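Spelled out from the first residue to the last, the chains are:
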Amino acid sequence: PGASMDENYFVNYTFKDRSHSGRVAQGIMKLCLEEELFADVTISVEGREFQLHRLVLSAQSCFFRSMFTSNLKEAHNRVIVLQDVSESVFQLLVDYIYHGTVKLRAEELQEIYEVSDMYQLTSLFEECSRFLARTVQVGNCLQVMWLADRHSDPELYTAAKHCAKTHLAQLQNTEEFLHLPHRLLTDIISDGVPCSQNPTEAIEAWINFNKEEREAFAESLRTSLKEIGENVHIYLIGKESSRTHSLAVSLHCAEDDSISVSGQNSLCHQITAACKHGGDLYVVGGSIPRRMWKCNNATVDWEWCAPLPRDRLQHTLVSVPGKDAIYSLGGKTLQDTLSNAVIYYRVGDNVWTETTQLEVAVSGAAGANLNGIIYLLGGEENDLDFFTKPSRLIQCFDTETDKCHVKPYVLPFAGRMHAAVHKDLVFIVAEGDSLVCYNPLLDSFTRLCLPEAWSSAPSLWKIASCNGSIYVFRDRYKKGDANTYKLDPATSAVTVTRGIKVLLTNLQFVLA
Amino acid sequence: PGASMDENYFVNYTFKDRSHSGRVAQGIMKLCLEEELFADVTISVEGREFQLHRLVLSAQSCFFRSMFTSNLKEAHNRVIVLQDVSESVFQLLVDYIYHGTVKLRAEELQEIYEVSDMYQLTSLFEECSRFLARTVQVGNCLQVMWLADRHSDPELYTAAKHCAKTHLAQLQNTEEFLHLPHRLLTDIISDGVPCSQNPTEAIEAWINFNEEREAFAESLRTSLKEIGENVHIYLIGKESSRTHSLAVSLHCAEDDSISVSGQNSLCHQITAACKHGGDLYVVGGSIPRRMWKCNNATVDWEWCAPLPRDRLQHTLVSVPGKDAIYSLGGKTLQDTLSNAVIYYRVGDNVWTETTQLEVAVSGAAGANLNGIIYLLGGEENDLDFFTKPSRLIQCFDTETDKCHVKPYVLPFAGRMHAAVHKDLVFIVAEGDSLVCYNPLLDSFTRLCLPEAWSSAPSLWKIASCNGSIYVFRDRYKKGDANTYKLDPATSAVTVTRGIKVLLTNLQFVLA
């Protein structure tokens, strides 16, 4: 305020209180939401009589705002009937509107997606969309795709597209694929079908349904049939100690969930840290200065890349496709000093730079690359007495605006955990059998601990995610077969899957 | 956080978004306060018929909540009628329950005082009571007193007593005084009525009334305590004849019978001065650390402990809260500026230094309010050697010691003088630019005084006492003295009696 001759405090000024939001907005939280006292309309769903306010409904769902505001000849009654929603689904909806904690079931999940879009709740619809982006299986990604192009939700129509494009071979015989309109089929094929699924045969088998008139589209479909070559899934790099070598094998999952070896490339120098970027290794090791060797599935010959500045051991190498970069967060120097120097290697130009340092230095952490944010889980850190105490810190170093955003909560455990990104979640495996299902968006931990029957020894469990099903691996086994389990997160059922016959499983190693 | 295995993130969930504060709290303010909609209950005040929401009325009030809740034939009709409320006052309550701006005037201020207390409105009964504690003149010092002792408000009953016991002599002739209840008269007498107002005669008025009220003979006499008046204006100024600085003391009276008081004398020069209680603390001389404490009629200049950190042209304020003489800011002779504080006590004589300020300032003015110390105006220099005036206001907390700048600036800057008055902090700059401060409302107020009076630019000093602003003009061209009274209700500058002060210089004026 600068002036006004009329505002004279002794006769006439103008009151201006700054507590009109801390007493009216925050004030109306017990009279409306918690303790419903004054209710206006009675929405009726099936054979029920709900008592819902006319105020809080129009502040969230704009569709309800149009039905209440637009007074007409039918607005004289306070009983409003609904038709689309069921009796046991509207209650879940009215539980979200008032409180904000709706328990999302499994079977009644496609029903809180169709009705949550007509009411235009832009917060539940953006969460039921993420639910359908991670529960998609090989037999379900043909109705979900049809369910995403009708509501115009590109965050699901693309997440449910990389299920019928990487598994088109099995879908060939299915009766749902035969009725697929030409509009959707020109997107599944054009998205880069892998060669192993026979993309050129699905088109031919599909057009034989209505050859009387469907032959016109046959020529156009074969024009856009971009096929991407087959990659190898897990770069299991075996660090044998009996023989000075490193059998960097490349496991290749089959169609029926069977892993087979596809290369026995070897190196003589020691290994400090390893990372895979797309389809190639970028292992780090050797005597000083810290070198880098890059391998490939088909090359079967190690190349050479730009030397590592700031040589150190126990890195936390991560790799992103949303960023042609390979970071080197954390690590401790040769003099047992926990340093923090995030590096910004690029594959296009073999040159190193430096970026914003971490808030807290960690060594031997876990590298998770969920979304475009690099997550550092676990590790070790010395608090006061020069002694490395196993810490539990979740750092969130970014890649767009480089800054550290340490979360205000800690992990259930600590140590030398190994992470493996799966869909939106980030699975974690501790020094034992305590597999957690940490979610970076909801900030919750749902540890689905396996039965302690197979816990004879405190052996670390390596975890790898490939083809939409994580394969929790096993270290050196007591004179037997490696426990290459195939844990199914949906059912928490662990199944022993063999097919790998290697001699490096007798000793510890690194993974990718 | 955490969970257990009944929360399988593939088929189970507990989705809980911590964002029901911008979609249910912000989405309701614009649907109820700003854009009034979905009205259900109609309030039928006399003459008119308003429409109000059931959720906003019961969220700020309590009488309005315990009345809609009880449906004992009080909410089913929905044509409910309110009584003992005028048409105009209720419209200003809708303006307050809703968006939150009120236009409190003087015509309707007692009706909104009682009505806002009947409806249990909490925040409105903290500025409508501050208003009454701000405009109690002698003529209505008793209609407000009895109003205060009906709703149990100590912020007004203890503020309508300091302004109703000093003017006890004039209230004696008033008819309302003779009808005083026995309880009210007891408290106003036993608070230190000045000896010049004849406290003994006040009881004699009831004695000479002519029964039932005449039985009080020994009562109300043992509880009377008389103290001489000692709060007045201290004036500092050197005569043109000699360098002997004078400290003439004058006191204001309601009868305008100014009597010549003792003329205090002093030898050295003055750097700064403070007014605490009924004594004057003078700093200055050849060495700035000299503390020559003076008084009314003791002619004593006892030298106290010197200041450990010597400063020149600093600010002295008295916050009785801790019987302290806090010396905030200052100037250092070693090509730098001081930021320390030294509060010389009376029975302790301590030199403690607390936390410094946030923005450097020197040669400013200070005014104390309810313990909180405000530093306003002054000058600040920079490494660029630029004489940039400072328009930043500083607050010195009395409880948390959290000095911080305010998100605004004064309308002007330079060398100013400040003197509190009721709940306001008046500001006078170089010219006719009166500005009234208000820490609670965080707002200002000017008067737009024309410059036709200040022909020559000269410093103006302001002193406030007995609820009447006094403004003193400095450096007149050998003419009549200027003791303009600045009654802030309406601009009523009148020259008072021409006392022969004969001081053509004004160093400091303290009230």
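For this coordinate set, the PDB header names cryo-EM as the determination method and states a resolution of 3.83 Å.

Draft legend 1. Focus on the overall build of chain A. The secondary structure content of chain A amounts to 12 helices and 25 strands. In terms of overall dimensions, chain A has a C-alpha envelope of 90 × 85 × 50 Å along the principal axes. Within chain A, buried positions represent 49% of all 512 residues. When contacts within chain A are restricted to residue pairs at least 6 apart in sequence, long-range pairs at least 24 apart make up 49% of them. A total of about 25300 Å² of accessible surface is found on chain A, and carbon and sulfur atoms cover 49% of it. Each charge class in chain A can be summarised by its mean position, and for the 47 positive and 63 negative side chains these summaries are 6 Å apart.

Draft legend 2. Region of the structure containing the interface of chain A and chain B. At the interface, 74 residues of chain A touch 69 residues of chain B. Summed over both partners, the interface of chain A with chain B comes to about 6700 Å²; 61% of that surface belongs to carbon and sulfur atoms. For the interface between chain A and chain B, the tally reads 21 residue pairs in polar contact. Those elements that place two or more of their residues in the side of chain A that touches chain B are β1 (15–16), α1 (30–34), α2 (62–69), α3 (87–98), α5 (125–132) and β22 (425–429) of chain A. Inspection of the sheet shows β1(A) paired to strand β3 (residues 101–102) of chain B by 2 bridges, in the antiparallel sense. Paired with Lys16(A) across the two strands is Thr101(B), which belongs to β3(B).

Draft legend 3. Broad picture of the packing of aromatic side chains. Tallying each qualifying case throughout the model produces 37 aromatic pairs over all chains. Where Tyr13(A) meets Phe131(B), the ring centres are 5.1 Å apart and the plane angle is 40 degrees; that geometry is what we call tilted. With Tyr13(A) in the segment before β1 and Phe131(B) in helix α6 (residues 128–132), this residue pair bridges two chains. Residue classification places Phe131(B) among the buried residues on the basis of a relative accessible area of 1%. The rings of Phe63(A), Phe64(A), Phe68(A) and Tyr119(A) are connected pair by pair, giving a single aromatic cluster. Sitting above the plane of the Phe68(A) ring, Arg54(A) keeps its charged end 5.9 Å from the centroid. Lying across the ring of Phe508(B), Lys461(B) places its NZ or CZ 5.9 Å from the centre.

Draft legend 4. Fine view of the sheet that holds strand β17 (residues 375–377) of chain A. Residues and elements named next belong to chain A. Pairing is antiparallel across the open sheet formed by 3 strands, whose spatial order is β16-β17-β20. Each edge of the open sheet is held by one strand with a lone partner, namely β16 (366–368) and β20 (394–395). Bridge count for β17 against β20 is 2 bridges, and the pairing is antiparallel. Its bridge partner being in β20, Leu-377 is matched across the sheet by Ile-394.

Draft legend 5. Spatial organisation of the sheet that holds strand β10 (residues 279–284) of chain B. Residues and elements named next belong to chain B. Taken together, 3 strands build an open sheet; the order of strands is β9-β10-β11 and the sheet is antiparallel. Looking at which strands have only one partner, the edges of the open sheet turn out to be β9 (270–276) and β11 (290–293). Neighbouring strand axes in the sheet, compared pairwise and without regard to direction, differ in orientation by 20 degrees on average. Judged from the 4 bridges that link them, β10 and β11 form a sheet pairing that is antiparallel. Within β11, the position partnered with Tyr-281 by the bridge is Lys-293.

Draft legend 6. Quick peek at the pattern of salt bridges. All names here are of chain B. For the structure on display, the rule yields 21 salt bridges over all chains. Close ionic contact of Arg-134 with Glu-127 constitutes a salt bridge, the shortest N to O distance being 3.4 Å. In this structure, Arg-134 and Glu-127 share a single accessibility class: buried. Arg-289 is the partner of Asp-310 in a salt bridge, and the nearest nitrogen-oxygen pair spans 2.7 Å. Of this pair, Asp-310 sits in the loop between β11 and β12 (315–316) while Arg-289 sits in the loop between β10 and β11, placing them 21 residues apart in sequence. Assessed through its relative accessible area of 18%, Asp-310 is described here as buried. Beyond isolated ion pairs, a larger network of salt bridges with shared partners links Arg-105, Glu-107 and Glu-108.

Draft legend 7. Representation of unusual backbone geometry in the model. A cis amide bond links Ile288(A) with the next residue in sequence, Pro289(A), at an omega value of 0 degrees. By the secondary structure assignment, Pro289(A) is in the loop between β11 (280–285) and β12 (291–294). One non-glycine residue, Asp442(B), adopts positive backbone phi at about 55 degrees. Relative to the helices and strands, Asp442(B) is located in the loop between β20 (435–437) and β21 (460–465). For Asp442(B), a relative accessible area of 30% puts it in the partly exposed group. If you check the backbone angles, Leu502(B) has positive phi at about 55 degrees while not being a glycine.

Draft legend 8. Spotlight on the domain arrangement of chain A. All names here are of chain A. The domain architecture assigned to chain A consists of domain 1 (30–132) and domain 2 (144–228). Summarising the inter-unit geometry, the C-alpha centres of domain 1 and domain 2 are found 37 Å apart. Across the boundary between the two partners, domain 1 contributes 7 residues, which contact 7 residues of domain 2. Interface of domain 1 and domain 2: buried area, both sides summed, is about 750 Å²; carbon and sulfur atoms make up 55% of it. When the area that domain 1 buries against domain 2 is broken down by residue, the three leading residues are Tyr-113, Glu-114 and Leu-132, summing to 51%. Counting across the domain 1 and domain 2 interface gives 1 salt bridge. Our count for the domain 1 to domain 2 interface comes out at 3 residue pairs in polar contact. Breaking the side of domain 1 that touches domain 2 down by element, the ones donating at least two residues are α4 (111–118) and α5.

Draft legend 9. The arrangement of the side chain of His314(B) in detail. Residue and element names in this part refer to chain B. Within the secondary structure, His-314 sits in the loop between β11 and β12. Classification of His-314 as buried rests on a relative accessible area of 6%. Engagement of the side chain of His-314 in a polar contact is seen with the side chain of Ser-327, the distance being 2.8 Å. Not counting chain neighbours up to four residues away, the residues in contact with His-314 comprise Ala-272, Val-283, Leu-307, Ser-327, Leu-328, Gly-329 and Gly-330.

Draft legend 10. Spotlight on the nonpolar core. Within the largest apolar cluster, 171 residues are counted, with the highest numbers of intra-cluster contacts made by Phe90(A), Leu435(A), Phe90(B) and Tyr119(B). Apart from residues no more than four positions distant in its own chain, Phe90(B) is found in contact with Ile43(B), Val45(B), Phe50(B), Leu52(B), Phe64(B), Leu82(B), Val85(B) and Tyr119(B).

Draft legend 11. Structural context of the state of the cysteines. For the structure shown, the criterion picks out 1 disulfide over all chains. Paired through a disulfide, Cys141(A) and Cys163(A) show a sulfur-sulfur distance of 2.0 Å. Looking along the S-S bond of the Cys141(A)-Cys163(A) disulfide, the torsion reads about -60 degrees, which is the left-handed sense. Pair noted here: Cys141(A) is in the loop between α5 and α6 (144–148) and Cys163(A) is in the loop between α7 (154–157) and α8 (168–171), with a separation of 22 residues, a long-range link. Assigned by exposure class, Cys141(A) and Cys163(A) land together as buried. No disulfide involves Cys268(A); its sulfur sits 16 Å from that of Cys295(A), the nearest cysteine. In this structure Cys304(B) is not part of a disulfide, and its nearest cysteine sulfur, from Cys294(B), lies 11 Å away.

Draft legend 12. The packing of α4(A) against α5(A), seen in detail. All names here are of chain A. Direction vectors running N to C along α4 and α5 enclose 150 degrees, while the axes themselves pass 9 Å from each other. Considered as vectors, α4 and α5 are oriented roughly antiparallel to each other. Note on packing geometry: the crossing formed by α4 with α5 is left-handed. Taking contact as the criterion, the partners of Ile-112, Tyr-113, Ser-116 and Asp-117 in α4 are, on α5, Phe-125, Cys-128, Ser-129 and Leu-132.

Draft legend 13. Expanded view of the domain arrangement of chain B. Residues and elements named next belong to chain B. By domain assignment, chain B separates into domain 1 (26–131) and domain 2 (133–227). A straight line from the C-alpha centre of domain 1 to that of domain 2 covers 36 Å. Counting residues at the interface gives 9 residues for domain 1, matched by 11 residues for domain 2. Along the contact surface separating domain 1 from domain 2 lie 3 salt bridges. At the junction of domain 1 and domain 2, the tally comes to 11 residue pairs in polar contact. Sorting the residues of the side of domain 1 that touches domain 2 by element identifies α5 (111–118) and α6 as the ones contributing at least two each. Along the lines of polarity and charge, the residues of the side of domain 1 that touches domain 2 split into 3 nonpolar, 2 polar and 4 charged.

Conventions we followed
- Residues numbered from 1 in each chain as written, not as in the entry; some residues may be left out.
- Chains lettered and ligands numbered in written order.
- Heavy atoms only, no water.
- Helix = DSSP H or I, 4+ residues; strand = E, 2+ residues; numbered from the N terminus.
- Buried < 20%, exposed > 50% of the residue type's maximum accessible area, 1.4 Å probe, protein only.
- Contact = heavy atoms within 4.5 Å.
- Areas by Shrake-Rupley, 256 points an atom, 1.4 Å probe, with all protein chains shown as cover.
- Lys, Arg positive; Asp, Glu negative; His and termini not counted.
- Charge placed at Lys NZ, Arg CZ, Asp CG, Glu CD.
- Buried area = accessible area lost by both parts, 1.4 Å probe.
- Polar contact = N/O pair within 3.5 Å; in protein donor to acceptor, adjacent residues only side chain to side chain.
- Pairing = 2+ DSSP bridges.
- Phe/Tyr/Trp six-rings, centres within 6.5 Å; stacked < 30°, edge-to-face > 60°.
- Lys NZ or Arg CZ within 6 Å of the ring centre and 35° of its normal.
- Axes fitted to C-alpha atoms, helices over the stretch in contact; angles between N-to-C directions.
- Salt bridge = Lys/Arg side-chain N within 4 Å of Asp/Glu carboxyl O.
- Domains from an automatic or database assignment.
- Core = buried A, V, L, I, M, F, W, Y, C linked by side-chain atoms within 4.5 Å.
- Disulfide = S-S within 2.5 Å.
- Parallel < 35°, antiparallel > 145°, perpendicular 65-115°, else oblique.
- Left-handed = near helix turned anticlockwise from the far one by under 90°.
- Nonpolar A, V, L, I, M, F, W, Y, C, P; charged D, E, K, R; others polar.

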